[PDB]
Ligand SMILES: CC(=O)N[C@@H]1[C@@H](O)[C@H](O[C@@H]2O[C@H](CO)[C@@H](O[C@@H]3O[C@H](CO)[C@@H](O[C@@H]4O[C@H](CO)[C@@H](O)[C@H](O)[C@H]4NC(C)=O)[C@H](O)[C@H]3NC(C)=O)[C@H](O)[C@H]2NC(C)=O)[C@@H](CO)O[C@@H]1O
Ligand SMILES: *[C@@H]1O[C@H](CO)[C@@H](O)[C@H](O)[C@H]1NC(C)=O
């Protein structure tokens, strides 16, 4: 069973206890840790922050304690133009230059693979993602001839049906990637003027226009499209999405005024870390969608949709019963990594809980 965990760069800036460094990462926790995100410059893979070389270095020392742990660097990300990627991929002289530069860079900084996080290809780009993936793997294969262990190649694939059809040739890219992580955590958002969960596990016979907006459907669609189970990985979020209520309506369907106020430590409209959530839960109203199997809480005029140990364990049995390759978690630095905000003295509660299901029968 694979356990892919993302660590984000910008998480070093968070203040106080919010601060997170590859340091904090427990080396036996995951099977793969992915550094997010690399930049592209002069058509070549390159660092993003000033001190990335240091952090890459810190993160790859974990391998001293755990020789079986693999690490990957992710290119792309949301704060990276889709457009920029699209430009490098359609012109063969630029794509090749991008391609040729990756093995050397990864080898220098001691990564084991590259993660493609192109969010998201347009309908005109599908043909080009496919070429990118194909040529990239071909280069990785050619580089192994030099007697090194072949680099891994993976991709982050969004989970809304429409998004998938528009830009991903699932049948084609799966033969070339080592694993695909499904971002099953973005099914709702402030962009819809009502309250709703972003990572429901099942459809829940409540509403029926968006029957394609849950992990279960996404996982089946990918399977029908030709991705083998032994390569699909289900994404499980460790943050929650917040919303400012526009009324006193707190139940399903309730109206919204916009995203929720920022967290003391993550400072971002509409997002909360699990550790900020554990604090929020005091004097909050506990609620849970029984059909969909995920919780939400509300207090004053704030309404938060999130995941806890029960939900995340539930998601893990799902992937086990469908025989998927494993689980991916976004992201380690949003979990209770110090282990001192969520009561019980356990660090990485959400992630350990997933591991526990994965590690048994
Ligand atoms: C659920 C989840 O995890 N969501 C994530 C989402 O949060 C990610 O996005 C990011 O948004 C925040 C703002 O909301 C960005 O933070 C800044 O990061 C930059 C560095 O790139 C910092 O600049 C530094 O500030 C210090 C001063 O303290 C200086 O010393 C530095 O030199 C300066 N950098 C320079 C010189 O330019 C800045 O301080 C950070 N401040 C914040 C807002 O905390 C963050 O960059 C941004 N991520 C990206 C890649 O843009 C998103 C990532 O793509 O994924 C999610 O959806
Ligand atoms: C990333 O690369 C682009 C392309 O050169 C460059 O424009 C930018 O300065 C880099 N971004 C950051 C913040 O490092």
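Numbers here mean position along the shown chain, with the first residue as 1.
Placed from the backbone N, Cα and C atoms, the Cβ positions cover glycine too.
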Of 302-316, 317-331, 332-346, the range Swiss-Prot labels region 'Important for AKT1 activation and IL8 production':
302-316
Taking the Cβ of residue 278 (disulfide bond) as centre, how many other Cβ atoms lie within 10 Å?
19
Three-state secondary structure, residue 5 (disulfide bond) (per DSSP):
strand
Secondary structure at residue 342 (disulfide bond) (DSSP, helix/strand/coil)?
coil
Write out how many residues of the region 'Important for AKT1 activation and IL8 production' (302-316) are helix, how many strand and how many coil, based on DSSP.
8 helix, 4 strand, 3 coil
